[PDB]
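Trainee: Chains as they are written, first to last, in UniProt numbering: chain A, 103 to 204, 214 to 243, 253 to 369; chain B, 103 to 204, 215 to 243, 254 to 369; chain C, 104 to 204, 214 to 243, 254 to 311, 320 to 369; chain D, 103 to 204, 214 to 243, 253 to 369.
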Amino acid sequence: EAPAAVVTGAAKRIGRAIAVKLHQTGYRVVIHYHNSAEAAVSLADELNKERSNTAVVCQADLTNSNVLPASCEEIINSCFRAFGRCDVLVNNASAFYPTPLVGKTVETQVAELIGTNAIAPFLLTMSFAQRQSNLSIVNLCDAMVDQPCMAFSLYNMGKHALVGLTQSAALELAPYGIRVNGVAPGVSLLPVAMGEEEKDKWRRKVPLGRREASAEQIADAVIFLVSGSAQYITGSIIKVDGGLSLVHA
Amino acid sequence: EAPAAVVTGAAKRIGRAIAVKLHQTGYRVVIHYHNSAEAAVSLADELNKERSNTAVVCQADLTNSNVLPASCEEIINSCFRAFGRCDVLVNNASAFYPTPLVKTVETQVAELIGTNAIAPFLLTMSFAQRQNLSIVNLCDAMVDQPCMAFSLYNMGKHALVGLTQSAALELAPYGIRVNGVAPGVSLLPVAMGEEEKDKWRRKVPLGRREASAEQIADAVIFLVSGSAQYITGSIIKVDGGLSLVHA
Amino acid sequence: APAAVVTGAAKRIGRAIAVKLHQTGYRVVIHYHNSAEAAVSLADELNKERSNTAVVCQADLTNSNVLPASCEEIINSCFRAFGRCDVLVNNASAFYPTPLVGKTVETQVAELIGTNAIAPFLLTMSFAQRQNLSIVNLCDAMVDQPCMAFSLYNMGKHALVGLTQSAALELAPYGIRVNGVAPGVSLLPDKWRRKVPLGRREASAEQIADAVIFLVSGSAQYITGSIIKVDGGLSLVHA
Amino acid sequence: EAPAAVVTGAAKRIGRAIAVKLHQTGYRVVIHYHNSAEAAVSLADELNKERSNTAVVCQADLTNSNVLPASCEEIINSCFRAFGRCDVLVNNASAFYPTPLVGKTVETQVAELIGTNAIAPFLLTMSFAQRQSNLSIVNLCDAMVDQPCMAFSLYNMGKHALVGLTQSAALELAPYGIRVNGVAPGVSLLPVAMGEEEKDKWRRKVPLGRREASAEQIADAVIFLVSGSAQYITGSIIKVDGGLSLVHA
Ligand SMILES: NC(=O)c1ccc[n+]([C@@H]2O[C@H](COP(=O)([O-])OP(=O)(O)OC[C@H]3O[C@@H](n4cnc5c(N)ncnc54)[C@H](OP(=O)(O)O)[C@@H]3O)[C@@H](O)[C@H]2O)c1
Ligand SMILES: NC(=O)c1ccc[n+]([C@@H]2O[C@H](COP(=O)([O-])OP(=O)(O)OC[C@H]3O[C@@H](n4cnc5c(N)ncnc54)[C@H](OP(=O)(O)O)[C@@H]3O)[C@@H](O)[C@H]2O)c1
Ligand SMILES: NC(=O)c1ccc[n+]([C@@H]2O[C@H](COP(=O)([O-])OP(=O)(O)OC[C@H]3O[C@@H](n4cnc5c(N)ncnc54)[C@H](OP(=O)(O)O)[C@@H]3O)[C@@H](O)[C@H]2O)c1
Ligand SMILES: NC(=O)c1ccc[n+]([C@@H]2O[C@H](COP(=O)([O-])OP(=O)(O)OC[C@H]3O[C@@H](n4cnc5c(N)ncnc54)[C@H](OP(=O)(O)O)[C@@H]3O)[C@@H](O)[C@H]2O)c1
Ligand SMILES: Nc1nc(N)c2nc(-c3ccccc3)c(N)nc2n1
Ligand SMILES: Nc1nc(N)c2nc(-c3ccccc3)c(N)nc2n1
Ligand SMILES: Nc1nc(N)c2nc(-c3ccccc3)c(N)nc2n1
Ligand SMILES: Nc1nc(N)c2nc(-c3ccccc3)c(N)nc2n1
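#1: Any heavy atom of ligand 6 closer than 7 Å to the CB of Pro311 (chain B)?
#2: Decide if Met314 (chain B) is buried, meaning its Cβ has at least 16 other Cβ atoms within 10 Å, or exposed.
#3: Considering just the uninterrupted stretch of the alpha helix (DSSP H) at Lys319 (chain A), what are its terminal residues?
#4: Are the beta-carbon atoms belonging to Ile133 (chain B) and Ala112 (chain B) less than 8 Å from one another?
#5: Using the Cα positions of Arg153 (chain D) and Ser347 (chain D), report the straight-line distance between them to the nearest angstrom.
#6: Let me have the residue list for ligand 3: C-beta closer than 6 Å to any non-hydrogen atom, ordered along the chain.
#7: Along chain C, which residues have their Cβ under 8 Å away from the Cβ of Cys269 (chain B)?
#8: Output yes if chain D places a C-beta closer than 8 Å to the C-beta of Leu328 (chain A); else output no.
#9: For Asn228 (chain D), which residues in the same chain have their Cβ closer than 6 Å to its Cβ, ignoring the five residues on either side in sequence?
#10: So with Cβ pairs under 8 Å, would you call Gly284 (chain C) a contact of chain D?
#11: Taking buried to mean at least 16 other C-beta atoms within 10 Å of its own C-beta, is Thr219 (chain B) buried or exposed?
#12: By the 10 Å Cβ neighbour count, where 16 or more other Cβ atoms means buried, how is residue 212 (chain D) classified, buried or exposed?
#13: For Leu364 (chain D), would you say it is in contact with chain A, using Cβ-to-Cβ distances shorter than 8 Å as the test?
#14: With a cut-off of 8 Å, does the C-beta of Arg115 (chain A) fall near any C-beta of chain C?
#15: Would the beta-carbon of residue 214 (chain B) be found less than 7 Å away from any heavy atom of ligand 7?
#16: Under 9 Å, CB to CB, which of the residues in the region 153-179 of chain D have a partner in chain C?
#17: Relative to the C-alpha of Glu140 (chain C), which residue among C:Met264, C:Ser365, C:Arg118 and C:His125 is closest?
#18: At a Cβ threshold of 8 Å, is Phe182 (chain C) touching chain D?
#19: In terms of alpha-carbon separation, which member of D:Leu145, D:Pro105, D:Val169 and D:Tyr129 lies closest to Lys114 (chain D)?
#20: Which chain A residues sit within Cβ distance under 8 Å of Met237 (chain B)?
#21: Assuming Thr110 (chain D) and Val192 (chain D) are in contact, meaning their beta carbons sit under 8 Å apart, how far apart are those beta carbons, in whole angstroms?
#22: Output the distance between the C-alpha atoms of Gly355 (chain C) and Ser356 (chain A), rounded to the nearest integer angstrom.
#23: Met264 (chain C) versus chain B: which residues are under 7 Å apart at the beta carbon?
#24: Could you work out which residues of chain D lie near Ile120 (chain B), taking near to mean beta carbons separated by less than 9 Å?
#25: Determine the contact status of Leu164 (chain A) and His136 (chain A), defining contact as a CB-CB distance below 8 Å.
#26: Quick one: grab the DSSP three-state call for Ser256 (chain B).
#27: Taking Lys279 (chain C) as the query, report the chain B residues whose CB atoms sit under 9 Å from its CB, ordered along the chain.
#28: Just to confirm, is the Cβ distance from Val159 (chain D) to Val169 (chain D) under 8 Å?
#29: On a Cα-Cα basis, can you pick out the residue from A:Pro171, A:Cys269, A:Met270 and A:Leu203 that is closest to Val217 (chain B)?
#30: Please determine, among B:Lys215, B:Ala271 and B:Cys174, the residue with the shortest C-alpha to C-alpha distance to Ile230 (chain B).
#31: Can you tell me whether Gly302 (chain B) is helix, strand or coil according to DSSP?
#32: Any chance the CB of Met264 (chain A) is under 7 Å from a heavy atom of ligand 8?
#33: Report the neighbours of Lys321 (chain B) on chain C: residues whose CB is nearer than 7 Å to its CB, in chain order.
#34: Considering only the beta carbon of each residue, do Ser273 (chain C) and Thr201 (chain C) sit closer than 8 Å?
#35: Determine the DSSP secondary structure at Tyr129 (chain B), reduced to helix, strand or coil.
#36: Any idea what DSSP makes of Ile357 (chain B), helix, strand or coil?
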């Protein structure tokens with residue numbers, strides 16, 4: 103019987119590459135999304151054509167609120183309803199935008224950035240654990265948390281909290297055979313918004329090849345961590361940054 | 103003119119010692135509290151007896167909510183109203199209790225993440241917007267070796283490390299330094315049996331005792347002083363080597 | 104076929120690394136200091152699997168005036184035997200207490225800093241100058267929570283972290299990646323077993339080798355200056 | 103009686119500032135030096151004119167060799183011979199220059224960079240501890265150890281080892297009441313050989329004031345760590361870098 107995985111924010115970009123690689127490795131997948139309905143359904147279609155009844159979508163807003171625990175429980179439940187098991191949780195979905203110290216209200220910024228990057232991962236990890253082989257969770261972190269982007273405090277706090285979740289959950293869930301690890305991209309797929317000369321500015325910073333990570337390269341590290349080759353690894357965070365975090369100002 | 107400091111959760115234990123030591127250094131102080139009104143007022147009266155009109159109290163819940171930003175703005179405002187300036191913010195108030203993975217969970221999130229991280233962020237924003255300026259965040263030396271089943275508390279304290287770094291970077295142009303003090307084992311719970319208190323004390327390499335509140339306060343006093351004028355984004359462990367000790 | 108140098112490859116973790124590399128399709132230089140019989144025994148086993156794919160190399164890795172020449176010749180042995188050197192695994196390691204309050217202190221320095229840090233530095237330099255190229259340094263997950271009275275050992279492993287970072291930075295333009303694997307408790311030299327969150331047991335050497343294999347692979351092509359803990363959560367556990 | 107301190111490489115720059123500040127706080131001092139004999143004696147003359155019999159000089163090479171243990175023993179012994187006690191050791195002396203991976216022999220570079228930055232601190236710590253109130257050791261580290269200068273591998277290895285010494289020595293010496301801490305400057309006093317325009321390049325990188333640390337600012341953090349205000353602090357490293365280590369590439 104095939105194992106099953108939940109990947110949050112899996113309709114596009116890095117989460118999609120993670121979903122695809124998991125599926126190619128033999129997993130059934132829940133493709134979670136928020137706004138990208140067309141891309142999500144398109145992916146599930148691609149994957150089911152490849153193997154029947156192996157992918158479903160699940161729409162959920164991961165902003166912090168009094169019903170976020172219910173939404174997170176429902177995401178996990180959807181995997182069990184579709185596949186009868188849930189072996190892997192990948193916490194990939196993430197809001198990312200500046201929140202200068204000196214538009215959306217600050218209430219909303221806190222709820223979105225801390226919700227998506229930290230609180231939802233915590234609730235999903237809770238629901239995953241309580242619903243329970254090679255069980256594991258992989259959190260998408262950030263290689264640059266100690267050298268943050270200017271004016272991204274709430275985002276950075278969110279990613280720092282996710283490091284703490286990775287460590288605390290690895291410690292507490294180890295007795296249940298659940299491993300909890302992280303993958304920390306540096307510069308990977310760049311914003312569709314961002315201009316090209318600015319893209320090349322970031323690209324030129326990366327020691328290894330003067331280029332951003334492909335989504336597939338980020339996915340490779342996720343696959344390692346969920347695999348039987350990582351069965352003694354828990355509470356570890358693998359940087360996938362081409363040495364970017366090593367470069368001084 | 104004497105500088106002014108806001109200390110959150112200053113009615114007792116560590117925040118109290120910090121408020122006392124700031125006051126003794128010559129600061130006027132806003133003693134923030136949540137539930138401990140009598141202790142907060144007792145402290146203000148004691149400090150005002152030392153120097154008239156140098157201490158005020160300020161009640162506020164720092165739990166995350168849609169009123170938290172306004173509450174934080176008012177805390178900072180109260181220092182300006184009382185003393186006409188606000189030179190130092192100390193983020194000390196902190197909820198701390200287990201949240202096992204296996215109060216409603218939404219309340220635990222609001223309290224643990226609100227006090228430890230979001231309120232410090234909102235207070236930092238308000239402090240900066242209103243401008254030897256500095257902020258000191260009370261962290262935790264044991265965040266990479268956390269207590270079992272304290273995930274939300276640990277997340278909040280990591281978030282606070284992130285805030286200290288991000289705010290240090292962003293506020294350095296405005297000449298505001300942002301640092302942390304990270305206790306290991308300090309003031310134990312009042313109700314904790316001495317036998318359990320001794321299990322903790324014996325873990326600490328340096329003197330097999332917990333840090334006094336005054337020892338934690340000493341590091342805060344250093345960071346706000348003219349002797350730390352180039353220090354920003356640094357976190358000082360005050361843990362007697364506890365974090366160095368393997369399982 | 105690509106070729107790999109594994110230092111201290113005769114026994115234990117270094118042996119598991121060499122075998123797994125060999126199973127992945129590498130030709131391997133099995134380096135040894137004292138364990139000649141074991142090194143040849145491994146070489147024999149690997150050459151029986153595929154002819155002319157494993158050779159041995161003797162060198163003492165203690166710090167000295169001759170360490171640079173020794174490290175140069177280890178790298179050269181790989182080029183001589185296989186005509187290329189794609190992977191360097193710095194696994195060889197001295198391990199023993201050096202209390203702050214038998215061997216002279218200067219010998220303890222030569223072994224604990226020479227084998228753990230200086231030899232990896234000189235092997236790295238030789239590897240880079242002779243050029254999916256990568257180096258993997260065998261680190262220690264307990265570097266920040268060290269064994270009592272192990273200062274020199276801990277110093278050498280910290281220096282090995284510093285080498286991993288500096289070399290990853292400096293050698294990236296050359297397409298040489300440089301990473302580490304940080305075991306917690308693997309092969310002992320029961321108290322420790324019960325401390326480990328994940329299964330209350332030590333890592334097999336094979337579990338360490340798995341992480342090395344990942345890092346040298348096409349699946350780690352963007353990973354440099356990263357250190358992967360393989361410690362079953364041990365470093366997360368407070369005193 | 104006044105306490106006594108050994109400061110290594112104390113003839114000029116940051117070591118002098120530390121010895122001066124300790125002397126100003128009331129310590130008697132051993133001004134260790136290697137080549138800077140004139141500057142060392144000049145410093146001692148100034149300090150002794152301030153308070154008679156309160157400063158001595160001590161010449162020693164701190165390069166690694168089979169006699170380094172005897173040299174380190176003698177430095178500590180010089181403090182007991184002059185002052186009857188040794189309360190504080192500041193490991194400040196440090197060789198610093200590039201050793202590219204791709214002049215001096217490599218054996219000499221290793222001996223100098225690893226000897227001065229790591230092995231001598233270890234031997235001095237050993238001697239200090241064995242010769243033995254408020255006892256402590258302060259190690260001069262480097263805030264940039266995780267974002268190192270290109271081509272400084274041996275220097276970087278030395279400072280990492282020094283971080284390890286600080287942690288290991290704090291653990292093992294705590295039972296004896298000896299505290300062990302570090303001060304990690306970012307950019308402080310720039311090289312005498314460095315041209316002004318290159319100095320300004322480094323200055324502009326520092327968020328807090330776009331300027332290097334003064335020697336006094338570094339000395340201030342040392343004075344804190346040796347003081348009664350740091351009585352529970354051990355195994356801590358205080359960055360004094362104006363935010364420099366937080367700035368991404
Ligand atoms: N890209 C990089 O260079 C980089 C660098 C460092 C770290 N990372 C980390 O790696 C992971 C993947 O990065 P990425 O760039 O692929 O991410 P992304 O495109 O910015 O976001 C991934 C997905 O998160 C979902 N999301 C955003 N807000 C949400 C909300 N309120 N509720 C539920 N889902 C929400 C979105 O889903 P919908 O489209 O369906 O609305 C989005 O497609 C992220 O955790 C990120 O922080 C990326
Ligand atoms: N004690 C230790 O060993 C230790 C160890 C590591 C870190 N720390 C850190 O050091 C700091 C001080 O420690 P501590 O033990 O003295 O703290 P504490 O006694 O646990 O709490 C400090 C104050 O926090 C305030 N607080 C709690 N919940 C609040 C809420 N929802 N809204 C507003 N204020 C709230 C309380 O104020 P009221 O009493 O007025 O209700 C309380 O007196 C904390 O940041 C802590 O995490 C302490
Ligand atoms: N075992 C663990 O639980 C553990 C924990 C943390 C870190 N590690 C790291 O994992 C790696 C391998 O561990 P291990 O336990 O297998 O190592 P080990 O058994 O202690 O030694 C590995 C090999 O190092 C070589 N070696 C020692 N001194 C040498 C010298 N002076 N010159 C040349 N070679 C020398 C020896 O080769 P010869 O036999 O040929 O003389 C030895 O077989 C090491 O880097 C270690 O620090 C292991
Ligand atoms: N300057 C900075 O921006 C900076 C940045 C990061 C870290 N740091 C650290 O802060 C400390 C002070 O920096 P600094 O720039 O003042 O240092 P420095 O001038 O480069 O060196 C200080 C002293 O080290 C001594 N020294 C060098 N080689 C020696 C040897 N083989 N044996 C014995 N002593 C030797 C020299 O003594 P003699 O002159 O008598 O020959 C020199 O005066 C150092 O540990 C350094 O690594 C400094
Ligand atoms: N959720 C999430 N998190 C990020 N950290 C993130 N980062 C970038 C980015 C783009 C260029 C340079 C550096 C980062 C991005 N385009 N999207 C992102 N989305
Ligand atoms: N806000 C807050 N944060 C803490 N980290 C904290 N910790 C302890 C404590 C007691 C004994 C042993 C270890 C910790 C405590 N009694 N109160 C605390 N309050
Ligand atoms: N080279 C080397 N380096 C080590 N760090 C090492 N460590 C252990 C060990 C055993 C039990 C608990 C902790 C460590 C060991 N048996 N051999 C080792 N060999
Ligand atoms: N021993 C020692 N260690 C250093 N790290 C050091 N650093 C600088 C230097 C100045 C410009 C920017 C950064 C550092 C220096 N002039 N001397 C130094 N000496």
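All C-beta atoms in this analysis are idealised placements derived from N, C-alpha and C, irrespective of residue type, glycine included.
Mentor: Put simply:
#1: In the second sequence, the residue the question calls residue 311 (chain B) occupies position 189. Result yes, Cβ under 7 Å from ligand 6.
#2: Counting from 1 along the second sequence, the entry for residue 314 (chain B) is found at position 192. Exposed, because fewer than 16 other Cβ atoms sit within 10 Å of the Cβ of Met314 (chain B).
#3: Along the first sequence, read from residue 1 onward, the residue named residue 319 (chain A) stands at position 199. Per DSSP, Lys319 (chain A) belongs to the alpha helix (DSSP H) from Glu316 to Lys325.
#4: Looking up residue 133 (chain B) in the second sequence gives position 31. Looking up residue 112 (chain B) in the second sequence gives position 10. Their beta carbons are under 8 Å apart, which means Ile133 (chain B) touches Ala112 (chain B) by this criterion.
#5: Taking the first residue of the fourth sequence as position 1, residue 153 (chain D) is located at position 51. Taking the first residue of the fourth sequence as position 1, residue 347 (chain D) is located at position 227. Cα to Cα, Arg153 (chain D) sits roughly 21 Å from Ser347 (chain D).
#6: Listed by position along the chain, the residues with Cβ atoms less than 6 Å from a non-hydrogen atom of ligand 3 are C:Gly111, C:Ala113, C:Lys114, C:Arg115, C:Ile116, C:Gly117, C:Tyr135, C:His136, C:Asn137, C:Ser138, C:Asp163, C:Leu164, C:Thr165, C:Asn194, C:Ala195, C:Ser196, C:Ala197, C:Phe198, C:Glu223, C:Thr227, C:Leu260, C:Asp262, C:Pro305, C:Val307, C:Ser308 and C:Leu309.
#7: The residue given as residue 269 (chain B) occupies position 147 in the second sequence. Near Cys269 (chain B) (Cβ distances below 8 Å), the residues of chain C are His368.
#8: For the purposes of this step, residue 328 (chain A) is identified with residue 208 of the first sequence, where counting begins at 1. Taking Cβ atoms only, chain D never reaches closer than 8 Å to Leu328 (chain A), which makes this a no.
#9: Looking up residue 228 (chain D) in the fourth sequence gives position 117. Here the set comprises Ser196, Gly278, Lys279 and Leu282.
#10: Here residue 284 (chain C) refers to the residue found at position 162 of the third sequence. Answer yes: the Cβ-Cβ gap between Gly284 (chain C) and chain D drops below 8 Å somewhere.
#11: Start at 1 with the first residue of the second sequence, and residue 219 (chain B) comes out as number 107. Its Cβ having fewer than 16 others within 10 Å, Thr219 (chain B) is exposed.
#12: Position 204 is followed directly by 214 in chain D, which means residue 212 (chain D) is not present among the coordinates.
#13: For the purposes of this step, residue 364 (chain D) is taken as residue 244 along the fourth sequence, with counting starting at 1. Yes, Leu364 (chain D) counts as interfacial toward chain A.
#14: Stepping through the first sequence from its first residue, residue 115 (chain A) is reached at position 13. With 8 Å as the cut-off, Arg115 (chain A) does not count as an interface residue toward chain C.
#15: Coordinates for residue 214 (chain B) are lacking, as chain B steps from 204 to 215 with nothing built in between.
#16: Residues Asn166, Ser167, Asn168, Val169, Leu170 and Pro171.
#17: Residue numbering aside, residue 140 (chain C) sits at position 37 when the third sequence is read from its first letter. Residue C:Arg118 is the option with its Cα nearest to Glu140 (chain C).
#18: In the third sequence, residue 182 (chain C) corresponds to position 79, counting from 1. Not closer than 8 Å to any Cβ of chain D, the Cβ of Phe182 (chain C) fails to qualify, so no.
#19: Reading the fourth sequence from its first residue, position 12 is the one you call residue 114 (chain D). Across the set D:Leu145, D:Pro105, D:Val169 and D:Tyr129, the C-alpha of D:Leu145 shows the shortest separation from the C-alpha of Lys114 (chain D).
#20: Reading the second sequence from its first residue, position 125 is the one you call residue 237 (chain B). Listed along chain A are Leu203, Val204 and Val217, each with a C-beta nearer than 8 Å to that of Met237 (chain B).
#21: Taking the fourth sequence and counting its residues from 1, one reaches residue 110 (chain D) at position 8. Taking the fourth sequence and counting its residues from 1, one reaches residue 192 (chain D) at position 90. Taking a contact as a CB-CB distance under 8 Å, the pair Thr110 (chain D) and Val192 (chain D) counts as one, their CB atoms being some 7 Å apart.
#22: Translated into the one-based positions of the third sequence, residue 355 (chain C) becomes position 225. Translated into the one-based positions of the first sequence, residue 356 (chain A) becomes position 236. Using only the alpha carbons, I get a separation of about 15 Å.
#23: Translated into positions along the third sequence, residue 264 (chain C) becomes position 142. Under the 7 Å cutoff, chain B gives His368.
#24: The residue given as residue 120 (chain B) occupies position 18 in the second sequence. Residues of chain D passing the Cβ test: none, with the nearest at roughly 13 Å.
#25: Position 62 of the first sequence, counted from the first residue, corresponds to residue 164 (chain A). Position 34 of the first sequence, counted from the first residue, corresponds to residue 136 (chain A). Yes. Within cutoff.
#26: Sequence index remark: in the second sequence, residue 256 (chain B) carries index 134 (1-based). When DSSP states are grouped into helix, strand and coil, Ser256 (chain B) belongs to the strand group.
#27: Residue 279 (chain C) sits at position 157 when you count from the first residue of the third sequence. Going along chain B, no residue has its Cβ under 9 Å from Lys279 (chain C), so there is no contact; the nearest lies around 14 Å.
#28: By 1-based counting over the fourth sequence, the position of residue 159 (chain D) is 57. By 1-based counting over the fourth sequence, the position of residue 169 (chain D) is 67. Taking 8 Å as the cut-off, the beta carbon of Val159 (chain D) is found no closer than this to the beta carbon of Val169 (chain D).
#29: Position 105 of the second sequence holds residue 217 (chain B). Of A:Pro171, A:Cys269, A:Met270 and A:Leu203, the residue nearest in Cα terms is A:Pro171.
#30: As a working note, residue 230 (chain B) is residue 118 in the second sequence. Its Cα nearest to that of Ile230 (chain B), the residue B:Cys174 stands out among B:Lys215, B:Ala271 and B:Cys174.
#31: To locate residue 302 (chain B), count along the second sequence from 1; it is residue 180. In the structure shown, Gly302 (chain B) sits in a strand (DSSP, three-state: E or B).
#32: Reading the first sequence from its first residue, position 144 is the one you call residue 264 (chain A). Answer for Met264 (chain A): no, Cβ out of range of ligand 8.
#33: As a position in the second sequence, residue 321 (chain B) is number 199, starting the count at 1. None at all; the shortest Cβ gap to chain C is about 10 Å.
#34: On the third sequence, position 151 is the one that residue 273 (chain C) refers to. On the third sequence, position 98 is the one that residue 201 (chain C) refers to. Taking 8 Å as the cut-off, the beta carbon of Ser273 (chain C) is found closer than this to the beta carbon of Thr201 (chain C).
#35: In the second sequence, residue 129 (chain B) corresponds to position 27, counting from 1. If DSSP states are grouped into helix, strand and coil, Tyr129 (chain B) belongs with coil.
#36: Indexing the second sequence from 1 puts residue 357 (chain B) at position 235. Of the three classes helix, strand and coil, the one that applies to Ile357 (chain B) here is strand, per DSSP.
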